[PDB]
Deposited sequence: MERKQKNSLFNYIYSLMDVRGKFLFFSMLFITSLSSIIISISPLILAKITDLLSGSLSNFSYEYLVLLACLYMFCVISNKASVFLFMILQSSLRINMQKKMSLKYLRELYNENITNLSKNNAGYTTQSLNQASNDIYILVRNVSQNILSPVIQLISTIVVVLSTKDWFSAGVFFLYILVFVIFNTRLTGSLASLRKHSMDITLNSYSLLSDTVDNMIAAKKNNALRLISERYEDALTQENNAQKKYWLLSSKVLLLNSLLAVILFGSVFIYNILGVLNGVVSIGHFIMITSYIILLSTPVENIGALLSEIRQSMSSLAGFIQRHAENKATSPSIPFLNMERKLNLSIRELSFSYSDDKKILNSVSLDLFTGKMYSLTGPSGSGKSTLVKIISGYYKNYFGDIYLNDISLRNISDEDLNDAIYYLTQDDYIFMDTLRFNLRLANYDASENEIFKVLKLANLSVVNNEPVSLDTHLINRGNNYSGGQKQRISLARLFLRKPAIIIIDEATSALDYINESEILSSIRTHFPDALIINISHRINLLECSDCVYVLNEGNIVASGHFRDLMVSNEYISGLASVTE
């Protein structure tokens, strides 16, 4: 499942580059596994006679050893060039898949993480893929070829002690390291998660740096980050201590077992039972074997470490008449936000909704917008349930102007093209007049105006006008205005709301406001209090009967 995802990230070019890395590393392993027999033939030849044909043969063997070294050094440079070229090839498809994965996630899941967390999650996952790609193509065929060749030729020389101890080392190595690889993977995954938590805390402090600066308390903001970095260091030191203990125990086992083979051949050469050519062949195999053993040690650890951390990443990723009947909602089971709210709204009519901050005006309208789907009750559109409507169809029929502004760090043209991609440059400027954003500071507005992070190069009211302009480019049946014109003066506010009603005449408009101006101009007003509709009717009728609406009208005087 996880390997399938990695194989899908590479294109036709990526497949070739991956198999070229696997081929080059396998071919190099065959060539270098011949080297110790060449040294053995050089060594014995030196002890013997030194005829004309013995010097010519020595020179030939010296060239073969040189070719063996050159082939291995050219293969590590070719693996490097192909590996980096494959990194470039895979990263574009990996990043685009991640962005499209985030687009398909629900609002609740999106809001629980952080951008700094999100960008660093891609960094950790992309690294794990790079690690896994390297370990297959490089640490599979290459070490097996070299370990098999070593045992085969040492068995051929009838040296049962060397071939036996060499086999014994691989057998103990694989058993011991796989018995501890699970502990290394857990400690590394736990460290990487704390690392993500440290990035979210840094990202959070930088986004609210203006608030931290004006309230001072550099002590408070830095202590929070210092405690996150201390948790990060302790988790890193735990992994460091275990991995270094494994490296030292694996090194100590190598000097005992391979050292025993070295002393056995030393005593063999002294007593006259073993030849110098065979002794040099054995010592050169001890040195040769270190590289494949290092690759097996990395293969076992990096596959269990990167597979564990990449498993966590994949898991994390995995004419309209509105009729709301007995709608009940809770964010957490502990506390009830909306209880049995029953409404019946009709096309072409402008409705108003008000109440205190805890009543749940935004929640109710977010459920109509399809932000949250875990609700008890029924919401219909022309006798069609919201549950039976797709998110794409609901986004076309209903347009929700959020309480908070979401301005993209790009041109004004990009911010308006978010509402409609096929919009002509003349059509976008027509929408600017409708949003009263055609002229700013007695100079015309250009669509190429670059807007900085959070659109803070524009005033609060000017940001609201960008969001209102996006509405004019869409074609909805239901329009929801959740305190979207609060930072506008009475002139701009009334001018834009009239433009919404004229351009969208057959539109069900739901307006959330705490001001008399917006409540008076509506067909019907609904008072939501502690999650339930306490009062309903015309604004003038509510002024007398309802206490909350009455007190709102007396603020004008």
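- Within the chain's deposited sequence, the coordinate-free stretches run 1-7, 326-341 in sequence order.
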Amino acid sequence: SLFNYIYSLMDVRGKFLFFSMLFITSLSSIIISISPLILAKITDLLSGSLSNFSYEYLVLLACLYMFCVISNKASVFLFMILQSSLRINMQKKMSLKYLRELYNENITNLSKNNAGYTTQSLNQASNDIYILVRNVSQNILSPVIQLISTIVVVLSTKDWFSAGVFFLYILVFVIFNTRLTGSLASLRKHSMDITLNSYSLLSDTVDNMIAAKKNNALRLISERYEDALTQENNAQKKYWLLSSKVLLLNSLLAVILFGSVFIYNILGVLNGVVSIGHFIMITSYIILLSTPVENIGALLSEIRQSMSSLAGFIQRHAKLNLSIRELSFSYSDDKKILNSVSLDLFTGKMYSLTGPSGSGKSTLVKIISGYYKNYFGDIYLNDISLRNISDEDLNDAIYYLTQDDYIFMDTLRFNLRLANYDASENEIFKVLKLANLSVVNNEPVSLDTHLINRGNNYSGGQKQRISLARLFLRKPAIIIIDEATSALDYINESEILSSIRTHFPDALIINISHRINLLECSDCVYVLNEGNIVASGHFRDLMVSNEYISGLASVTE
From here on, numbers count along this sequence of modelled residues.
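- With 132-140 and 372-380 compared on mean CA B-factor from the PDB entry, the stretch scoring higher is 372-380.
- Stretches 328-336 and 411-419 differ in mean C-alpha B factor, with the higher average recorded for 328-336.
- Ranking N321, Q464, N295, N208 by Cα temperature factor from the entry places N321 first.
- The entry lists C-alpha B-factors for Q403, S486, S424, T230, and the highest of these is at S424.
- When the modelled residues of the chain are ordered by C-alpha B-factor, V69 sits in the lowest third.
- Sort the modelled residues of the chain by CA B factor and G460 lands in the lowest third.
- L187: CA B factor in the lowest third of modelled residues in this chain (values from the PDB entry).
- Among the modelled residues of its chain, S352 has a C-alpha B-factor that falls in the middle third, as given in the PDB entry.
- Among the modelled residues of its chain, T25 has a C-alpha B-factor that falls in the middle third, as given in the PDB entry.
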